[PDB]
There are 2 protein chains.
Amino acid sequence: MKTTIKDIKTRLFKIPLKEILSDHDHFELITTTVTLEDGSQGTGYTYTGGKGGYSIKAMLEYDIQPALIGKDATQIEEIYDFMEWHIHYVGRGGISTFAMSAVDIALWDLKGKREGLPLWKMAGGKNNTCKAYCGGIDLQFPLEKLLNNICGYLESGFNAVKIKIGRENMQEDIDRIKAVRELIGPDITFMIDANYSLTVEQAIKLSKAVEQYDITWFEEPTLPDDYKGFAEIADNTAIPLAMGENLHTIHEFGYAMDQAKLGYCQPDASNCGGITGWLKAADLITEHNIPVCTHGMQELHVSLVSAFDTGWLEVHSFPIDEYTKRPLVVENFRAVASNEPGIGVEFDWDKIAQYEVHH
Amino acid sequence: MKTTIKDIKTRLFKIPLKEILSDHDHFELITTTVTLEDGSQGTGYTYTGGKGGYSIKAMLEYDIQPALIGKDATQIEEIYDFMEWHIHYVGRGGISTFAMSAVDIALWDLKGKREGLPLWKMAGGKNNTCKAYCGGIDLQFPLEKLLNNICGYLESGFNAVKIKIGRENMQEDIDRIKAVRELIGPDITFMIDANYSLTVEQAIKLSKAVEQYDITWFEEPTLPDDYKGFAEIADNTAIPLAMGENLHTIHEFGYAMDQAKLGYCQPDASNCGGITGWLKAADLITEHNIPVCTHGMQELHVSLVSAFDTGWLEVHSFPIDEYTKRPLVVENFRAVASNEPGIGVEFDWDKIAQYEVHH
Ligand SMILES: [Mg+2]
Ligand SMILES: [Mg+2]
Ligand SMILES: [Mg+2]
Ligand SMILES: [Mg+2]
C-alpha cells in the first residue's frame, strides 16, 4: 500500500528549562517519525518532566514500532486499538500511553498532510482559536516575584492566570491568592493548582477561605486517584474542581466524569493516547457538558481545544513551542491554531539537535 | 551506613516457553541486585509476557537506580514512597510499578538475610504452606488435549485446576467446562479464567450456564477497569468473581474492594509494588474478608499467600521457579514456602546466563 508504514524513528531530547519549576530543571521530548511506502512522513511526540524519556523510547523501539511496520497508516483507530492490547500487561496507563501517544499523533500528522487538513478541522472544527491562560507560577516564588511574573503575563497579552498552591502553611496560600486577585483586578480570570498535594479536609478548608476572590477553578486539590475524595471536596465547596493531566486512560476519565464532580477537565494528548485517545476523552467530557480543557503541549492543544470550543488552553511552562517552527500565536488574548495541514507542529530539528541524547 | 545502598545492577533475560500459551512463546525476567556498603546483596525481580522488559530496565537504570544510590536500604517503606512520587508523572501504574517491584523485593531480600528471617514470616507468618492450583490451560487446546493436561496436573499432586475460557462460540466454553468437571470428579477444585475477553452480558450468560458444574471462581470476566461491570455481573450470577493480576495500584485495589463485588482477589507482587505494595493490597483485601490470592511468580508468592493464610497460590505457566535453586515444593497438595532467610528465591545464574539480552 502507498500508506504502508515503512520506517519509524524515535528520538529523545533533554531540553533545559530557563527557570526552575517546583523540582524541574529540564523536560524530556520524545519525537516519533513515521515514514510510509510512498515516502510520506509524519512526526508526533510526547514529553516528560525529566523522568521516563529513556523508558518511553525503549518501549517504542522494542515493543511497539517493530509490530507496526507494514501496517496501513490510514487505519489509525485500528492501530490505536492494536497498541492498547499489545502492551496491555504492562499498560493500562503509565509509560505505555505516552508511547502510544507519540505514534498516534504522527499518524494524525500524516493524515492531515494526506487530506490537506489542519488538526483543528480534523478534530471537529468548531473553532480555530480558544481561551488561554498562563499556568505554573511556582509555589516557591516569594510573593514579590510571584506578583511580578503575573504582571508579565498580563502585559504579554493574556487575560487569565493560574498559580500553584499547596504550601505547608495554608495561610501563605490564602495570603498569596488574595494578593494576586488584588494585583490583577476583578476582570482577570484566576485559577489555582495544588498539584494533588492536599488532603480532602485541607482542600475543603483552603477553598472555603478563598472563594471570595472569585477563583475560576481549583486544579488537582488532592490525589487524582481519589475520585470520591474529589466528590467530597466538591460537595463542601463553591469552587469548581479540575483535573486531569494525570489521567491516562479513557476508563479513568470515565471514573472522573462519574464520581469526581468536576467543573473542568484537562486531557493531555501527550499521555492519554495521542489525538485518538484525546478525542475519546473530549467526546466523553463533552457528553457531560463540562468544558474541554488541556494541560501542557500548547502548540498542539491549541488545535484541539479550538476544535471543541468549550474550554481553556494552558500555556504550559515547558516551552515546547519554542523549539518548533511556530511558537504559540496569541491574538487578542486567544491562542490561534495554524492552518498548516497536519497537526500544526514542526520541530526546528537544527535547534534541538544539540539536546539529543543516546543509548 | 553499613546498609547504605552502594550499587544496583539490573538484568534482562528472554526465556523461551516450552509450550505456547494463548500468544506467548517466551516470558521476560528482570532481575535487580542491590549491594550495600557492608557488602550485603539482595536480588529482587519482576517479569513480563514478552513486552516491556527493555522499558522496565530503562526506567530502572536511568530514572530510579541513580536516585537510590546512597539511601539506607533499611528504610524500605520510605524508599517505596520515594519511588512512587519520583516517577508519578509517568506512573500511577504501568511500567513504573514493575520497576518499583523489582527494587522493593530486593530490599526485602536484604532484610530477611539481615534479620535471619524467611519471607513467609516477615510477611505475617500465619502459615508456611498454602492451597495451590494449576492455572493457564490454554484456550486454544482441543478438548482431548485439554483433558489430558488436566489429568497431568492432578496426577502430579495437585487438587485444584483453572482453565481459560472466552471463546467466540460460548457453547464451546460451556461444553469444555462440563467436560472438565466430569473428568475430575466432584472433589477437585475448578476455576475459570476469561482473560477479560467478555462483555458483562456475555459473562452473565456464561456464568449462569455453568454454575451447575460447581465453579470456585470466575476470573476476569470482563475488563479489569470495569468495576461497575463486575458489580453488574456479580449481581446477576452465583459464581464468585476474581481479579486481579492487572491492578497495579493500591487505589485500584481500593476501587475493586469498593465496587467490583469480588469473592477472591489476586495481587501480583511483581507489578503492584513489590512486597511492600503487595502487603498493602493484602492488608486491604483482608479488611474486606476476601481470600488473599496471587497470580504468577509462584516461587515468591508461596511465601505471601502462606503468610496471610486465606487464599490460593496460582502455579503459573511462566516457569520462573525452574530457573531458581528451589523449584516449587508441593507436599500433600499444598505449596511449601522455604525457611531460607530472605525472599526464598535464588536464581540459577548459570542456567539463565544464556538467555540474557542487551542494549
Ligand atoms: Mg496542573
Ligand atoms: Mg461544589
Ligand atoms: Mg489470569
Ligand atoms: Mg453474585
Side-chain angles (χ1 to χ4, degrees), chain A residues 21-22 24 27 47-49 133-139 160-166 191-198 200 203-208 210-211 215-224 228-248 256 259-268 270-272 290 293-298 301 311-318, chain B residues 88-89 92 200 203-208 210-211 215-219 221-222 228-242 259-264 290:
Chain A
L21 324 170
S22 143
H24 302 287
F27 63 96
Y47 70 92
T48 81
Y133 74 91
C134 303
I137 280 311
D138 190 27
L139 201 56
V161 297
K162 186 177 72 166
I163 75 179
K164 300 290 177 175
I165 60 176
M191 303 80 152
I192 62 183
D193 186 358
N195 279 124
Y196 61 87
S197 69
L198 299 181
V200 172
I204 301 194
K205 179 172 139 56
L206 182 55
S207 158
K208 267 169 179 170
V210 288
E211 56 179 281
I215 301 312
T216 282
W217 72 60
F218 190 163
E219 185 171 338
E220 286 196 306
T222 192
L223 299 187
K228 317 229 83 64
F230 269 72
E232 187 173 3
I233 303 183
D235 277 356
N236 292 268
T237 53
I239 299 184
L241 305 188
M243 59 161 171
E245 65 199 79
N246 286 317
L247 310 182
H248 294 140
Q259 300 170 46
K261 312 199 170 179
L262 308 183
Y264 297 86
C265 198
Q266 299 156 322
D268 188 337
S270 72
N271 63 42
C272 74
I290 297 150
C293 309
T294 54
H295 157 274
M297 208 175 35
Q298 48 260 32
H301 283 131
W312 291 82
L313 174 86
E314 175 185 32
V315 190
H316 199 254
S317 289
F318 300 164
Chain B
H88 188 85
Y89 193 72
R92 305 186 53 259
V200 172
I204 301 194
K205 179 172 139 56
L206 182 55
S207 158
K208 267 169 179 170
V210 288
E211 56 179 281
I215 301 312
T216 282
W217 72 60
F218 190 163
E219 185 171 338
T222 192
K228 317 229 83 64
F230 269 72
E232 187 173 3
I233 303 183
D235 277 356
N236 292 268
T237 53
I239 299 184
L241 305 188
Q259 300 170 46
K261 312 199 170 179
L262 308 183
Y264 297 86
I290 297 150

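As the structure lists them, so they are numbered: ligands from 1, and atoms in each ligand from 1. Chain letters run A, B, ... following the sequence lines, proteins first, then strands; residues in each count from 1. The basis for the numbers below is simple: all heavy atoms, side chains too, and nothing from hydrogens, waters or symmetry mates.
At a threshold of 2.8 Å, the Mg ion (ligand 4) has no backbone or side-chain N, O or S atom of B:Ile239 nearer than that distance. Under 2.8 Å from the Mg ion (ligand 1) lies no N/O/S atom of A:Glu220, from backbone or side chain alike. Note on B:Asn236: not counted as a metal contact of the Mg ion (ligand 4), no N/O/S atom lying under 2.8 Å. For the Mg ion (ligand 1), the N/O/S atoms of A:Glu314 include none lying under 2.8 Å. For the Mg ion (ligand 2), the set of nearby N, O or S atoms under 2.8 Å includes none belonging to A:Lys261.
The Mg ion (ligand 1) sits nearest to atom OD2 when only the N, O or S atoms of A:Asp193 are considered. Taking the Mg ion (ligand 1) as reference, A:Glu219 places its N/O/S atom OE2 nearest. Take the N/O/S atoms of A:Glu245: the one nearest the Mg ion (ligand 1) is OE1.
Within the model, atoms CG of A:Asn195 and CE of A:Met243 stand 13.5 Å from one another, a figure rounded to the nearest 0.5 Å.
For the side chain to side chain donor-acceptor pair (under 3.5 Å) with A:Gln266, the qualifying choice from A:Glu219, A:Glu314, A:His295 is A:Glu219, the only one to do so.
Panel note: side chain A:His301, backbone A:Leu313; no donor-acceptor pair is recorded below 3.5 Å.
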Item checked: side chain to side chain contact (heavy atoms under 4.5 Å, CB included) between A:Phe218 and A:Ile165, intermediate numbers included -> CA-CA 10 Å; A:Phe218 190 163; A:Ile165 60 176; 3.8 Å; yes

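Counting only N and O atoms by type, the side chains of A:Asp268 and A:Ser270 include a donor and acceptor under 3.5 Å apart.
Between A:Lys164 and A:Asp138 there is no salt bridge, since no side-chain N of the basic residue sits under 4.0 Å from a carboxylate O of the acidic one.
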